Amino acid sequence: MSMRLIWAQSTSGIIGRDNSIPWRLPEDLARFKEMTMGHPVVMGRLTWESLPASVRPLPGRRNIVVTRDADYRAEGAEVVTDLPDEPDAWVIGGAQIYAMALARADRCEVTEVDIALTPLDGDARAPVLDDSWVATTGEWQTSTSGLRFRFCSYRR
């Protein structure tokens, strides 16, 4: 019904390589925290293990880890084998988790980072949103880090 997707991507659409993020953008962390606090957050195992240890699990949010390995220990998170039907939840990671949740989604919150990245094999790419989405495009912004970025919101 009402899954929300949130991701940060380069302008070429890359959301990371092996979960590693090439940009430092504290304004994106701030907006991620504002959007997801007090709600379940749904993620893959690689996103979970890539969280900074001090916020694994992400505090103030019910953390849910989706993986085909039924036996997996995530201290502080709920381990499920399939995407859960949590109405108010935010999907936060897994290029494949975004793909699976997109059908159930009526909101996407995107940070676009103006950073050139060389494509590498097995890159995680952002979902391409079709014409059913209504886009609200924020103004281009400059970070305390010097990077240009913008926030875009999509609804249907």
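Start at 1 with the first residue shown and count on from there.
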Report summary line: The stretch carrying the higher mean Cα B factor in the deposited entry, 66-74 or 105-113, is 66-74
Query raised in the report: Comparing 144-152 with 7-15, where is the mean C-alpha B-factor higher?
Result: 144-152
Report summary line: The residue of 40, 127, 122, 59 with the maximal C-alpha B-factor according to the PDB record is 122
**Report entry** Among 97, 89, 30, 53 - the residue whose C-alpha B-factor is largest in the record
**Finding:** 97
Query raised in the report: Compared with the other modelled residues in the chain, in which third is the CA B-factor of residue 131?
Result: highest
